[PDB]
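Structure record follows, encoded as structure tokens.
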Amino acid sequence: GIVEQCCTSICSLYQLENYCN
Amino acid sequence: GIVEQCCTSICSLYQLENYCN
Amino acid sequence: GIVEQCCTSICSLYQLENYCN
Amino acid sequence: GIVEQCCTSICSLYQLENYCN
Amino acid sequence: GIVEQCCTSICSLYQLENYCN
Amino acid sequence: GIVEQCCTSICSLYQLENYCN
Amino acid sequence: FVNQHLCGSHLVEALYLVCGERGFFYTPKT
Amino acid sequence: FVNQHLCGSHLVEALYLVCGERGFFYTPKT
Amino acid sequence: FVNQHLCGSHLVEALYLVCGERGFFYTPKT
Amino acid sequence: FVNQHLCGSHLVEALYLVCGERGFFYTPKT
Amino acid sequence: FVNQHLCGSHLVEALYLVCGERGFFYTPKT
Amino acid sequence: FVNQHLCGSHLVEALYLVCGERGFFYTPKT
Ligand SMILES: Cc1cccc(O)c1
Ligand SMILES: Cc1cccc(O)c1
Ligand SMILES: Cc1cccc(O)c1
Ligand SMILES: Cc1cccc(O)c1
Ligand SMILES: Cc1cccc(O)c1
Ligand SMILES: Cc1cccc(O)c1
Ligand SMILES: [Cl-]
Ligand code: NA
Ligand code: NA
Ligand code: NA
Ligand SMILES: [Zn+2]
């Protein structure tokens, strides 16, 4: 999930907004 | 929603927990 | 500057990137 | 203290408010 | 207190340090 | 730079303002 | 516990803090 | 260690900004 | 992407987030 | 390493929210 | 140094930043 | 690891407070 993906490597804005509703 | 309850008005701990998963 | 564009008004992604190095 | 307790493990809200005045 | 000094008014560095331990 | 200096050891306020414009 | 107004970043911070491992949903449109 | 919990604090603040009005579900175990 | 007002800390957060490795300049006087 | 100092930044922001009007003493060496 | 208004989270951030190892007390009621 | 990126988030928020009106350039690779 978001913790696994984005707390291992830096998640850009484009990667983060995939988790928006 | 959460804005009218907790931001515009004041929410209790029980009210805030309504927005936990 | 950035305040009148992005704070007082609303900026797009392209507008915000004008203030990247 | 709070640094020793809460920067080793996650301190919940109930544990954090023990440090309130 | 600190609110009337530093928030409602403007505090200097010396004034803010009055609230250090 | 600032990342090298201030993410290895704690940078005080006096050290941080050397990076102001 | 204290009762106070919570908006914006502080409201999300509060949710993250209270909900813990449960997680939360922040749907401001309503 | 708390850096994962600290990381989550930045995640939800970032999601607050990026997602805006459409909001988001934060699911630490998903 | 959403379009919204960004001021103060959220504006710096947005810059740090968008600009990434490029970095940014925050000159509020103008 | 600065993660302990970074952790303290989150601690006092959390105490600001949780404690509200009753305030708090932050004592890193206590 | 700059002189500015500091309220809420920014006031606690400022205290945490300035006071360092001394720590601080944030008593908003007064 | 993201703690360096997390550290930068605190750096620019601190620079926002400390620098005030004179602003700052944030250059992660400089
Ligand atoms: C915005 C943000 C914070 C922390 C980790 C990330 O990958 C992204
Ligand atoms: C709120 C918070 C931040 C960091 C560590 C903790 O245990 C709790
Ligand atoms: C204010 C701040 C945050 C993180 C590291 C530092 O050295 C200083
Ligand atoms: C207005 C805006 C642009 C880009 C990203 C954001 O989170 C917000
Ligand atoms: C209003 C409220 C509820 C629970 C925790 C808080 O810090 C604040
Ligand atoms: C007003 C003030 C004093 C000291 C440091 C700051 O960032 C701001
Ligand atoms: Cl952190
Ligand atoms: Na309580
Ligand atoms: Na998008
Ligand atoms: Na100075
Ligand atoms: Zn952090």
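Lettering and numbering for the structure tokens are positional, with chains as A, B, ... in the shown order, residues counted from 1 in each chain, and ligands counted from 1 in the shown order.
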At most 7 Å from ligand 9 (only C-alpha atoms and all ligand atoms): residue list as a PyMOL selection string: (chain A and resi 14+17) or (chain I and resi 1-2)
Counting only C-alpha atoms and all ligand atoms, what are the residues, protein, DNA or RNA alike, that approach ligand 7 to within 7 Å? I want them as an mmCIF file with C-alpha atoms, in the first residue's frame.
data_model
loop_
_atom_site.group_PDB
_atom_site.id
_atom_site.type_symbol
_atom_site.label_atom_id
_atom_site.label_comp_id
_atom_site.auth_asym_id
_atom_site.auth_seq_id
_atom_site.Cartn_x
_atom_site.Cartn_y
_atom_site.Cartn_z
ATOM 1 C CA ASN H 3 10.017 6.643 11.355
ATOM 2 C CA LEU H 6 6.420 9.694 11.222
ATOM 3 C CA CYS H 7 6.382 8.939 7.495
ATOM 4 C CA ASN J 3 15.285 11.471 13.568
ATOM 5 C CA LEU J 6 12.443 15.224 13.905
ATOM 6 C CA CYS J 7 10.411 13.027 16.253
ATOM 7 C CA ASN L 3 14.254 10.142 6.280
ATOM 8 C CA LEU L 6 11.363 13.787 5.489
ATOM 9 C CA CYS L 7 14.197 15.884 6.917
#
Taking 6 positions as the minimum chain separation for residues in the same chain, which residues sit within 9 Å of stretch 15-28 of chain H when counting only C-alpha atoms? Answer as an MDAnalysis selection string. (chainID A and resid 1:4 13 16:17 19:21) or (chainID B and resid 21) or (chainID G and resid 8:9 12 16 20:29) or (chainID H and resid 8) or (chainID I and resid 1:4 6 10 13:14)
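Residue-level DSSP output for chain D, from the backbone, shows helix (DSSP H, G or I) at residues 2, 3, 4, 5, 6, 13, 14, 15, 16, 17, 18 and 19 of chain D.
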Can I get the selection written as a PDB file, in the first residue's frame, with C-alpha atoms?
ATOM      1  CA  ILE D   2       8.361  11.793  26.387  1.00  0.00           C
ATOM      2  CA  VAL D   3      11.261  11.476  23.943  1.00  0.00           C
ATOM      3  CA  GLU D   4      12.328   8.137  25.419  1.00  0.00           C
ATOM      4  CA  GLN D   5       8.779   6.758  25.539  1.00  0.00           C
ATOM      5  CA  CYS D   6       7.326   8.115  22.299  1.00  0.00           C
ATOM      6  CA  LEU D  13      -3.429   9.964  22.158  1.00  0.00           C
ATOM      7  CA  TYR D  14      -4.148   8.432  25.548  1.00  0.00           C
ATOM      8  CA  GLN D  15      -0.417   8.104  26.265  1.00  0.00           C
ATOM      9  CA  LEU D  16       0.393  11.588  24.949  1.00  0.00           C
ATOM     10  CA  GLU D  17      -2.113  13.472  27.087  1.00  0.00           C
ATOM     11  CA  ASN D  18      -0.340  12.275  30.235  1.00  0.00           C
ATOM     12  CA  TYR D  19       2.201  14.990  29.346  1.00  0.00           C
TER      13      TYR D  19
END
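If you look at atom CA of residue H:5 and atom 3 (C, counted along the ligand's line) of ligand 5, they are 19.6 Å away from each other.
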